[PDB]
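Below, read A as the first sequence line, B as the second, and so on, with proteins coming before strands; counting in each chain starts at 1.
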Amino acid sequence: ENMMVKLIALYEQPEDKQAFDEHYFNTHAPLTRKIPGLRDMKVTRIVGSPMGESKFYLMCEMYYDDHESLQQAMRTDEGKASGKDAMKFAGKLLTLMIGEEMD
Amino acid sequence: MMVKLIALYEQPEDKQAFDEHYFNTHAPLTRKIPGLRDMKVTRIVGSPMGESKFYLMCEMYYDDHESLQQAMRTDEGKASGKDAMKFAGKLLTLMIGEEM
Ligand SMILES: [Cl-]
């Protein structure tokens, strides 16, 4: 309650950053932006940790109306196409989390 | 573009204890940090498949990188960092991000 539902994609460091960045911004993000019910999307470039480098490279937060809507979105043709694309270009780099962003 | 410090916490052994410390002590300490522009707390309620390795995320927004670096070194920033380390250091990953 008193929250907003978001899917969080967290990507670890790619071996080829040029290839990752091209695929992510030119192919993957546009696929994700087609998902019915997606209300907002924020992309965060991870530039380090307080002490140095980070394990993580990129985060994306995708906002939906409610939990049911997120579950339905991931099962649409567009959701499946985005998921399939991520498994191909990012593979094990990707961790997915479901969050409730509190008021 | 906004700069943010991201704190990501893995699953605690005692969720009740984590929650009391986090919400009653830690978040208030963090809200006192000079320069903090916004703070969002996200409960991680699972992954698409079920459980998640992660339990909570906090996003702390600053106007620019220099302000974040200053903020972390204020008395308030240091106290917040030490508090996080004490109650949950083994669970914590800190990241600096640029949100587009
Ligand atoms: Cl993504």
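Residue B:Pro48 comes nearest to A:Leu7 through the heavy atom pair CG-CD1, 4.1 Å, listed as atom of the first residue, atom of the second, then distance.
At a 4.5 Å heavy-atom cutoff, the contact between B:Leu8 and chain A is made by side-chain atoms alone. For B:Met49, no part lies under 4.5 angstrom from a heavy atom of chain A.
Here the CZ atom belonging to B:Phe54 is positioned 10.0 Å from the CD1 atom belonging to A:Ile8, to the nearest 0.5 angstrom. Atom CD of B:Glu99 sits about 10.0 Å away from atom SG of A:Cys60, to the nearest 0.5 Å.
Looking at heavy atoms from C-beta onward, B:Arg43 lies in side-chain contact with A:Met102 at the 4.5 angstrom threshold. A:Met97 places none of its side-chain heavy atoms less than 4.5 Å from the side chain of B:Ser47.
Both B:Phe18 and B:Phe23 are assigned to one and the same hydrophobic cluster, defined by single-linkage of ILVMFWY side chains at heavy-atom distances under 4.5 Å. Hydrophobic clustering (side-chain heavy atoms under 4.5 Å, transitive across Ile, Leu, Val, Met, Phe, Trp, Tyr) groups A:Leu38 together with B:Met100. In the hydrophobic cluster analysis, where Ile, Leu, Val, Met, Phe, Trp and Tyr join through side-chain heavy atoms closer than 4.5 angstrom, A:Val47 is grouped together with B:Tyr62.
Qualifying side-chain hydrogen bond (donor to acceptor under 3.5 Å, both in side chains) partners for A:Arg33, counting only residues two or more places apart in sequence or in other chains: none. A:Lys6 pairs by the side-chain hydrogen bond (donor to acceptor under 3.5 Å, both in side chains) definition with A:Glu61, A:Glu101, B:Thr42, B:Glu59, not counting sequence neighbours.
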### Task
Would you please test A:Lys55 and B:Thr93 for side-chain contact (heavy atoms from CB on, under 4.5 Å) and show each step?
CA-CA 9 Å; A:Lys55 169 171 178 181; B:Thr93 299; 5.9 Å; no

